[PDB]
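The file my_file13.cif comes next; it holds mmCIF, C-alpha atoms.
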data_query
#
loop_
_atom_site.group_PDB
_atom_site.id
_atom_site.type_symbol
_atom_site.label_atom_id
_atom_site.label_comp_id
_atom_site.auth_asym_id
_atom_site.auth_seq_id
_atom_site.Cartn_x
_atom_site.Cartn_y
_atom_site.Cartn_z
ATOM 1 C CA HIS A 6 -72.979 -239.436 -113.557
ATOM 2 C CA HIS A 7 -69.404 -238.407 -112.683
ATOM 3 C CA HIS A 8 -70.081 -234.662 -112.737
ATOM 4 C CA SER A 9 -72.714 -234.726 -109.974
ATOM 5 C CA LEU A 10 -70.620 -237.113 -107.908
ATOM 6 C CA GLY A 11 -67.464 -235.005 -108.273
ATOM 7 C CA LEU A 12 -69.481 -231.873 -107.403
ATOM 8 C CA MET A 13 -70.832 -233.478 -104.241
ATOM 9 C CA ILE A 14 -67.413 -234.657 -103.141
ATOM 10 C CA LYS A 15 -65.947 -231.190 -103.830
ATOM 11 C CA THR A 16 -68.770 -229.412 -101.960
ATOM 12 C CA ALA A 17 -68.853 -231.815 -98.972
ATOM 13 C CA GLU A 18 -65.482 -230.615 -97.593
ATOM 14 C CA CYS A 19 -64.799 -234.144 -96.325
ATOM 15 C CA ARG A 20 -62.761 -234.710 -93.159
ATOM 16 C CA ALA A 21 -61.316 -238.029 -91.990
ATOM 17 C CA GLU A 22 -63.623 -238.178 -88.926
ATOM 18 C CA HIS A 23 -66.865 -237.599 -90.868
ATOM 19 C CA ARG A 24 -69.809 -239.996 -90.906
ATOM 20 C CA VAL A 25 -71.824 -239.965 -94.140
ATOM 21 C CA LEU A 26 -75.265 -241.236 -95.022
ATOM 22 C CA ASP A 27 -76.269 -241.911 -98.638
ATOM 23 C CA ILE A 28 -80.006 -242.064 -99.244
ATOM 24 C CA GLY A 29 -81.040 -244.177 -102.247
ATOM 25 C CA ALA A 30 -77.611 -245.756 -102.452
ATOM 26 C CA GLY A 31 -78.314 -247.915 -105.572
ATOM 27 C CA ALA A 32 -75.312 -250.017 -106.626
ATOM 28 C CA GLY A 33 -73.110 -248.123 -104.146
ATOM 29 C CA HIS A 34 -71.218 -245.692 -106.373
ATOM 30 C CA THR A 35 -71.829 -242.576 -104.242
ATOM 31 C CA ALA A 36 -70.792 -244.288 -100.994
ATOM 32 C CA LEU A 37 -67.667 -245.805 -102.549
ATOM 33 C CA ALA A 38 -66.606 -242.452 -103.990
ATOM 34 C CA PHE A 39 -66.780 -240.812 -100.540
ATOM 35 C CA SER A 40 -65.004 -243.671 -98.765
ATOM 36 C CA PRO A 41 -61.335 -242.620 -99.246
ATOM 37 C CA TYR A 42 -62.111 -239.232 -97.581
ATOM 38 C CA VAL A 43 -64.274 -239.999 -94.548
ATOM 39 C CA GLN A 44 -64.453 -242.351 -91.573
ATOM 40 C CA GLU A 45 -67.602 -244.167 -92.566
ATOM 41 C CA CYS A 46 -70.332 -244.254 -95.201
ATOM 42 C CA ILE A 47 -73.744 -245.811 -94.630
ATOM 43 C CA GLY A 48 -76.052 -246.371 -97.599
ATOM 44 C CA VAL A 49 -79.787 -247.009 -97.457
ATOM 45 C CA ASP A 50 -81.738 -248.400 -100.391
ATOM 46 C CA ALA A 51 -85.384 -249.473 -100.624
ATOM 47 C CA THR A 52 -84.697 -252.814 -102.330
ATOM 48 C CA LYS A 53 -82.953 -255.854 -100.846
ATOM 49 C CA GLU A 54 -81.461 -256.608 -104.230
ATOM 50 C CA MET A 55 -79.596 -253.276 -104.395
ATOM 51 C CA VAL A 56 -78.340 -253.712 -100.839
ATOM 52 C CA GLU A 57 -76.774 -257.067 -101.872
ATOM 53 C CA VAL A 58 -75.362 -255.569 -105.120
ATOM 54 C CA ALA A 59 -73.782 -252.614 -103.296
ATOM 55 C CA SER A 60 -72.249 -254.790 -100.555
ATOM 56 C CA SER A 61 -70.648 -257.193 -103.037
ATOM 57 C CA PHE A 62 -69.362 -254.224 -105.085
ATOM 58 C CA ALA A 63 -67.654 -252.816 -101.918
ATOM 59 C CA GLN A 64 -66.119 -256.267 -101.255
ATOM 60 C CA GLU A 65 -64.934 -256.483 -104.888
ATOM 61 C CA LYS A 66 -63.222 -253.070 -104.484
ATOM 62 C CA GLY A 67 -61.906 -254.016 -101.002
ATOM 63 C CA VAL A 68 -63.445 -251.057 -99.140
ATOM 64 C CA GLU A 69 -64.009 -251.735 -95.427
ATOM 65 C CA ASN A 70 -65.621 -248.456 -94.276
ATOM 66 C CA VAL A 71 -68.898 -248.538 -96.265
ATOM 67 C CA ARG A 72 -72.034 -250.459 -95.218
ATOM 68 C CA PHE A 73 -75.439 -250.834 -96.905
ATOM 69 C CA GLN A 74 -78.834 -251.550 -95.464
ATOM 70 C CA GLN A 75 -82.411 -251.643 -96.591
ATOM 71 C CA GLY A 76 -84.591 -248.662 -95.696
ATOM 72 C CA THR A 77 -86.468 -245.591 -96.883
ATOM 73 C CA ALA A 78 -85.810 -241.869 -96.389
ATOM 74 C CA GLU A 79 -89.304 -241.454 -94.920
ATOM 75 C CA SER A 80 -88.280 -243.576 -91.917
ATOM 76 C CA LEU A 81 -84.585 -243.517 -91.144
ATOM 77 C CA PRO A 82 -83.676 -245.732 -88.176
ATOM 78 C CA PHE A 83 -80.714 -243.610 -87.042
ATOM 79 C CA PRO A 84 -80.443 -241.415 -83.960
ATOM 80 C CA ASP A 85 -80.970 -237.628 -84.070
ATOM 81 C CA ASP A 86 -77.873 -235.601 -85.012
ATOM 82 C CA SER A 87 -75.750 -238.559 -86.147
ATOM 83 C CA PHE A 88 -74.322 -237.651 -89.590
ATOM 84 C CA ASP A 89 -71.933 -234.934 -90.725
ATOM 85 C CA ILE A 90 -72.924 -235.282 -94.354
ATOM 86 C CA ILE A 91 -76.026 -236.725 -96.009
ATOM 87 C CA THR A 92 -76.127 -237.265 -99.761
ATOM 88 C CA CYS A 93 -79.018 -237.967 -102.060
ATOM 89 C CA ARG A 94 -78.226 -238.301 -105.799
ATOM 90 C CA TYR A 95 -81.026 -238.617 -108.355
ATOM 91 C CA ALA A 96 -83.180 -240.369 -105.754
ATOM 92 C CA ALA A 97 -85.667 -237.791 -104.374
ATOM 93 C CA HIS A 98 -87.997 -238.032 -107.381
ATOM 94 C CA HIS A 99 -88.695 -241.627 -106.261
ATOM 95 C CA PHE A 100 -89.628 -240.740 -102.633
ATOM 96 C CA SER A 101 -93.250 -241.587 -101.764
ATOM 97 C CA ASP A 102 -93.351 -238.600 -99.358
ATOM 98 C CA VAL A 103 -90.580 -236.084 -99.973
ATOM 99 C CA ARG A 104 -91.828 -233.755 -97.191
ATOM 100 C CA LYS A 105 -91.398 -236.543 -94.605
ATOM 101 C CA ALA A 106 -87.999 -237.502 -96.210
ATOM 102 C CA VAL A 107 -86.595 -233.961 -95.633
ATOM 103 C CA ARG A 108 -87.923 -233.945 -92.102
ATOM 104 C CA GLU A 109 -86.023 -237.212 -91.469
ATOM 105 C CA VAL A 110 -82.873 -235.919 -93.207
ATOM 106 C CA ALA A 111 -82.925 -232.822 -90.988
ATOM 107 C CA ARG A 112 -83.485 -234.939 -87.855
ATOM 108 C CA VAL A 113 -80.481 -237.269 -88.418
ATOM 109 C CA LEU A 114 -78.181 -234.478 -89.673
ATOM 110 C CA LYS A 115 -75.836 -232.994 -87.051
ATOM 111 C CA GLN A 116 -76.092 -229.278 -86.330
ATOM 112 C CA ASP A 117 -74.267 -227.412 -89.065
ATOM 113 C CA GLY A 118 -74.056 -230.701 -91.010
ATOM 114 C CA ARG A 119 -74.436 -230.770 -94.823
ATOM 115 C CA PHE A 120 -77.251 -232.231 -96.936
ATOM 116 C CA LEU A 121 -76.125 -232.598 -100.537
ATOM 117 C CA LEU A 122 -79.038 -233.078 -102.874
ATOM 118 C CA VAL A 123 -78.716 -233.733 -106.588
ATOM 119 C CA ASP A 124 -81.775 -234.219 -108.695
ATOM 120 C CA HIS A 125 -83.495 -233.012 -111.777
ATOM 121 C CA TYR A 126 -86.246 -230.525 -110.987
ATOM 122 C CA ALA A 127 -89.523 -229.107 -112.307
ATOM 123 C CA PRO A 128 -89.482 -225.592 -113.750
ATOM 124 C CA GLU A 129 -91.552 -223.036 -111.822
ATOM 125 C CA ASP A 130 -94.138 -222.803 -114.664
ATOM 126 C CA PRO A 131 -96.728 -225.446 -113.772
ATOM 127 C CA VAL A 132 -97.245 -226.478 -117.411
ATOM 128 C CA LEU A 133 -93.519 -227.244 -117.807
ATOM 129 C CA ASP A 134 -93.506 -228.869 -114.341
ATOM 130 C CA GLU A 135 -96.297 -231.154 -115.544
ATOM 131 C CA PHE A 136 -94.622 -231.813 -118.955
ATOM 132 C CA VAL A 137 -91.394 -233.097 -117.484
ATOM 133 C CA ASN A 138 -93.055 -235.055 -114.668
ATOM 134 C CA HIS A 139 -95.338 -236.780 -117.167
ATOM 135 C CA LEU A 140 -92.346 -237.512 -119.478
ATOM 136 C CA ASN A 141 -90.398 -239.151 -116.671
ATOM 137 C CA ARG A 142 -93.422 -241.100 -115.287
ATOM 138 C CA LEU A 143 -94.204 -242.520 -118.769
ATOM 139 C CA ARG A 144 -90.705 -243.947 -118.892
ATOM 140 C CA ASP A 145 -90.407 -244.970 -115.220
ATOM 141 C CA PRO A 146 -93.566 -245.958 -113.271
ATOM 142 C CA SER A 147 -91.369 -245.716 -110.145
ATOM 143 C CA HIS A 148 -91.321 -241.907 -110.688
ATOM 144 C CA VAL A 149 -93.350 -240.089 -108.039
ATOM 145 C CA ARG A 150 -92.556 -236.407 -108.541
ATOM 146 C CA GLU A 151 -89.651 -234.097 -109.233
ATOM 147 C CA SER A 152 -90.215 -231.046 -107.084
ATOM 148 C CA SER A 153 -89.649 -227.447 -108.164
ATOM 149 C CA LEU A 154 -86.850 -225.287 -106.666
ATOM 150 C CA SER A 155 -89.494 -223.232 -104.834
ATOM 151 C CA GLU A 156 -90.751 -226.373 -103.230
ATOM 152 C CA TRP A 157 -87.239 -227.406 -102.115
ATOM 153 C CA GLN A 158 -86.619 -223.970 -100.684
ATOM 154 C CA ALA A 159 -89.923 -224.126 -98.720
ATOM 155 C CA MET A 160 -89.188 -227.664 -97.422
ATOM 156 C CA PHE A 161 -85.687 -226.650 -96.306
ATOM 157 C CA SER A 162 -87.098 -223.618 -94.517
ATOM 158 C CA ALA A 163 -89.751 -225.809 -92.834
ATOM 159 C CA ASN A 164 -86.943 -227.976 -91.387
ATOM 160 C CA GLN A 165 -84.431 -225.290 -90.408
ATOM 161 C CA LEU A 166 -82.030 -226.036 -93.272
ATOM 162 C CA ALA A 167 -80.268 -223.117 -94.889
ATOM 163 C CA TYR A 168 -80.643 -223.465 -98.705
ATOM 164 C CA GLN A 169 -77.956 -222.881 -101.324
ATOM 165 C CA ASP A 170 -78.009 -223.595 -105.046
ATOM 166 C CA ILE A 171 -74.439 -224.785 -105.715
ATOM 167 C CA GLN A 172 -74.780 -225.394 -109.476
ATOM 168 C CA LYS A 173 -77.475 -225.808 -112.069
ATOM 169 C CA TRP A 174 -76.915 -227.536 -115.399
ATOM 170 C CA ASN A 175 -78.794 -229.062 -118.322
ATOM 171 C CA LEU A 176 -78.595 -232.842 -118.092
ATOM 172 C CA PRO A 177 -78.421 -234.141 -121.691
ATOM 173 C CA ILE A 178 -80.404 -237.266 -122.514
ATOM 174 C CA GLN A 179 -79.727 -239.371 -125.596
ATOM 175 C CA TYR A 180 -83.194 -240.686 -126.366
ATOM 176 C CA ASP A 181 -82.384 -244.160 -127.805
ATOM 177 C CA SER A 182 -80.196 -245.017 -124.871
ATOM 178 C CA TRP A 183 -82.688 -243.608 -122.327
ATOM 179 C CA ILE A 184 -85.489 -245.801 -123.726
ATOM 180 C CA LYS A 185 -83.244 -248.904 -123.730
ATOM 181 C CA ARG A 186 -82.130 -248.390 -120.077
ATOM 182 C CA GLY A 187 -85.801 -247.956 -119.080
ATOM 183 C CA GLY A 188 -86.905 -251.124 -120.961
ATOM 184 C CA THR A 189 -90.034 -249.203 -122.044
ATOM 185 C CA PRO A 190 -92.452 -251.238 -124.221
ATOM 186 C CA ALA A 191 -93.658 -250.028 -127.646
ATOM 187 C CA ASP A 192 -97.019 -248.597 -126.595
ATOM 188 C CA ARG A 193 -95.510 -246.729 -123.591
ATOM 189 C CA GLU A 194 -92.813 -245.450 -125.939
ATOM 190 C CA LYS A 195 -95.377 -244.349 -128.524
ATOM 191 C CA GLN A 196 -96.933 -242.188 -125.743
ATOM 192 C CA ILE A 197 -93.480 -240.673 -124.996
ATOM 193 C CA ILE A 198 -92.944 -239.919 -128.698
ATOM 194 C CA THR A 199 -96.362 -238.186 -128.942
ATOM 195 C CA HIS A 200 -95.600 -236.186 -125.753
ATOM 196 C CA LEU A 201 -92.270 -234.935 -127.163
ATOM 197 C CA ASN A 202 -93.666 -234.271 -130.652
ATOM 198 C CA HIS A 203 -96.601 -232.256 -129.311
ATOM 199 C CA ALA A 204 -94.491 -230.174 -126.870
ATOM 200 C CA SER A 205 -95.277 -226.408 -126.751
ATOM 201 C CA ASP A 206 -92.660 -223.969 -127.992
ATOM 202 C CA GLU A 207 -91.788 -223.180 -124.375
ATOM 203 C CA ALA A 208 -91.277 -226.911 -123.532
ATOM 204 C CA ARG A 209 -89.191 -227.417 -126.670
ATOM 205 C CA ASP A 210 -86.956 -224.480 -125.616
ATOM 206 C CA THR A 211 -86.756 -225.352 -121.912
ATOM 207 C CA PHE A 212 -86.058 -229.064 -122.451
ATOM 208 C CA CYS A 213 -83.886 -228.723 -125.590
ATOM 209 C CA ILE A 214 -86.000 -231.145 -127.601
ATOM 210 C CA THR A 215 -84.329 -232.478 -130.740
ATOM 211 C CA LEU A 216 -86.314 -234.670 -133.202
ATOM 212 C CA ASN A 217 -85.901 -236.366 -136.596
ATOM 213 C CA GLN A 218 -88.118 -235.075 -139.437
ATOM 214 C CA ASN A 219 -90.262 -238.219 -139.071
ATOM 215 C CA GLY A 220 -90.860 -237.372 -135.375
ATOM 216 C CA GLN A 221 -88.474 -239.971 -133.929
ATOM 217 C CA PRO A 222 -86.905 -238.218 -130.901
ATOM 218 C CA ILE A 223 -83.145 -237.750 -130.723
ATOM 219 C CA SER A 224 -82.380 -235.898 -127.509
ATOM 220 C CA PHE A 225 -83.643 -233.617 -124.751
ATOM 221 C CA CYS A 226 -82.355 -232.058 -121.554
ATOM 222 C CA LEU A 227 -83.537 -232.311 -118.008
ATOM 223 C CA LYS A 228 -82.887 -229.516 -115.463
ATOM 224 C CA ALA A 229 -80.365 -230.649 -112.846
ATOM 225 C CA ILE A 230 -79.073 -229.057 -109.699
ATOM 226 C CA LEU A 231 -76.892 -229.554 -106.645
ATOM 227 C CA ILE A 232 -78.546 -228.033 -103.631
ATOM 228 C CA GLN A 233 -76.749 -227.762 -100.308
ATOM 229 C CA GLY A 234 -78.728 -227.729 -97.056
ATOM 230 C CA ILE A 235 -77.044 -226.760 -93.800
ATOM 231 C CA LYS A 236 -78.775 -227.552 -90.492
ATOM 232 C CA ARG A 237 -79.273 -224.345 -88.475
ATOM 233 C CA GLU A 238 -82.021 -223.279 -85.979
ATOM 234 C CA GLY A 239 -85.510 -221.731 -85.757
#
As structure tokens - that is how I would like this structure written.
Amino acid sequence: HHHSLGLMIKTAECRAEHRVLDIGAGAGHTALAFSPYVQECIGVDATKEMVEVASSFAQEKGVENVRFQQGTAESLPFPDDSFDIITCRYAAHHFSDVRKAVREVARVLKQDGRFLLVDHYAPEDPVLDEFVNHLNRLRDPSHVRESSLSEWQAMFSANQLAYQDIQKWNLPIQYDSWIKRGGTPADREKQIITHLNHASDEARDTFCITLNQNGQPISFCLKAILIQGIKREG
């Protein structure tokens, strides 16, 4: 996911004295990419296993200014106004309570600090919203919900973040590879195939659904965005 990462780095306007928090840090790629440009990166991930993976990956690359810990966005342990930049890349759809996550992000962000949020999102039309959320939940039972852009705008406003859409793009998904990386079993996959094959015309257009004549899916697109939040006042 080099495009989203490069976009975030570009948009962040990194300075050498900046402190960065990465929410849902995974194997540590986002934090490592920021590390040459800032003073310090802190990653939080929900699983102990990813915290250990990220830390050994930092060691293996010799970076000394990145640290990882276990935690969730819904309860960040950090003081108010402590980060210059907060990043969240393809993680929000896994939050158990996104409204509480944003409240926490806003709390720990410094005044005029930047929240850089990349995720795929639900179209405004509730039927397309539902189609894509169901598709992603079938493949990943960790999936909670991908919010609409309306919803993000309302959550930012609720927490005194200025909202800006930096870039929107279609995120192309190669079906065979997507199923393999999800480890989805045959019966779960059969449900995915039925879902894609029975898509409305509007869903087929919106999500760029490509199929074989025998109904075996080939590709589709998710709707991706980089949103920037800036902490202001109320």
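Taken over the whole file, the PyMOL selection byres ((chain A and resi 22) around 12) covers exactly residues 18, 19, 20, 21, 23, 24, 25, 40, 41, 42, 43, 44, 45, 46, 70, 88, 89 and 90 of chain A.
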Minimum-distance residue to residue 9 (chain A), chosen among A:213, A:171, A:37, A:137 (using all atoms listed in the file):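 Checking each candidate against residue 9 (chain A), we get A:171 as the closest.
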Among the residues A:167, A:160, A:12, A:178, the one that comes closest to residue 215 (chain A) [using only C-alpha atoms]: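 Among A:167, A:160, A:12, A:178, it is A:178 that comes nearest to residue 215 (chain A).
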Answer as a list in words, residues within 6 Å of (-76.9, -240.4, -101.6) using only C-alpha atoms: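 The residues near that point, listed by chain and number, are residues 27, 28, 29, 30, 92, 93 and 94 of chain A.
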Save the residues we just selected, C-alpha atoms, as a PDB file, in the frame of the given file?
ATOM      1  CA  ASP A  27     -76.269-241.911 -98.638  1.00  0.00           C
ATOM      2  CA  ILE A  28     -80.006-242.064 -99.244  1.00  0.00           C
ATOM      3  CA  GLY A  29     -81.040-244.177-102.247  1.00  0.00           C
ATOM      4  CA  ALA A  30     -77.611-245.756-102.452  1.00  0.00           C
ATOM      5  CA  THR A  92     -76.127-237.265 -99.761  1.00  0.00           C
ATOM      6  CA  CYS A  93     -79.018-237.967-102.060  1.00  0.00           C
ATOM      7  CA  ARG A  94     -78.226-238.301-105.799  1.00  0.00           C
TER       8      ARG A  94
END
CA of residue 155 (chain A) to CA of residue 116 (chain A), distance in Å rounded to a single decimal: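 Pair CA of residue 155 (chain A) / CA of residue 116 (chain A) returns 23.6 Å.
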Option closest in space to residue 232 (chain A), from A:14, A:163, A:123, A:132 [counting all atoms listed in the file]: A:123
Distance of CA of residue 34 (chain A) from CA of residue 127 (chain A), expressed in Å to one decimal place: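 According to the coordinates, CA of residue 127 (chain A) and CA of residue 34 (chain A) are separated by 25.4 Å.
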Gap from CA of residue 193 (chain A) to CA of residue 176 (chain A) - Å, one decimal: 22.6 Å
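Closest approach to residue 79 (chain A) among A:26, A:197, A:107, A:122: A:107, based on only C-alpha atoms.
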What would the file be for region 180-194 of chain A if you keep N, CA and C atoms and write it as a compact mmCIF listing (two decimals), in the first residue's frame?
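The result, stored in part-v5.txt:
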# COMPACT_ATOMS: atom_id res chain seq x y z
N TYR A 180 -9.25 -10.51 -7.01
CA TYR A 180 -10.08 -11.40 -6.21
C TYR A 180 -9.34 -12.63 -5.66
N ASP A 181 -8.58 -13.32 -6.52
CA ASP A 181 -7.95 -14.60 -6.13
C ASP A 181 -6.99 -14.35 -4.99
N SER A 182 -6.23 -13.29 -5.13
CA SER A 182 -5.24 -12.91 -4.14
C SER A 182 -5.90 -12.46 -2.82
N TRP A 183 -6.96 -11.68 -2.93
CA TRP A 183 -7.74 -11.21 -1.78
C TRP A 183 -8.31 -12.36 -0.94
N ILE A 184 -8.85 -13.37 -1.61
CA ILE A 184 -9.36 -14.56 -0.93
C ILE A 184 -8.24 -15.34 -0.25
N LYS A 185 -7.13 -15.56 -0.95
CA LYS A 185 -5.95 -16.22 -0.36
C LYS A 185 -5.40 -15.51 0.89
N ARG A 186 -5.20 -14.20 0.83
CA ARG A 186 -4.72 -13.42 1.99
C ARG A 186 -5.70 -13.40 3.17
N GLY A 187 -6.99 -13.59 2.90
CA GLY A 187 -8.01 -13.71 3.94
C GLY A 187 -8.15 -15.12 4.51
N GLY A 188 -7.56 -16.12 3.86
CA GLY A 188 -7.75 -17.53 4.22
C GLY A 188 -9.21 -17.99 4.32
N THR A 189 -10.08 -17.45 3.47
CA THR A 189 -11.53 -17.67 3.61
C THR A 189 -11.85 -19.10 3.16
N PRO A 190 -12.58 -19.86 4.00
CA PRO A 190 -12.99 -21.22 3.62
C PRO A 190 -14.07 -21.26 2.53
N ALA A 191 -14.23 -22.43 1.91
CA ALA A 191 -15.07 -22.60 0.72
C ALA A 191 -16.51 -22.09 0.85
N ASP A 192 -17.15 -22.40 1.97
CA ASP A 192 -18.53 -21.99 2.15
C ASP A 192 -18.66 -20.47 2.36
N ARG A 193 -17.77 -19.87 3.16
CA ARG A 193 -17.68 -18.40 3.23
C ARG A 193 -17.43 -17.79 1.85
N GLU A 194 -16.50 -18.36 1.10
CA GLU A 194 -16.23 -17.87 -0.24
C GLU A 194 -17.43 -18.02 -1.15
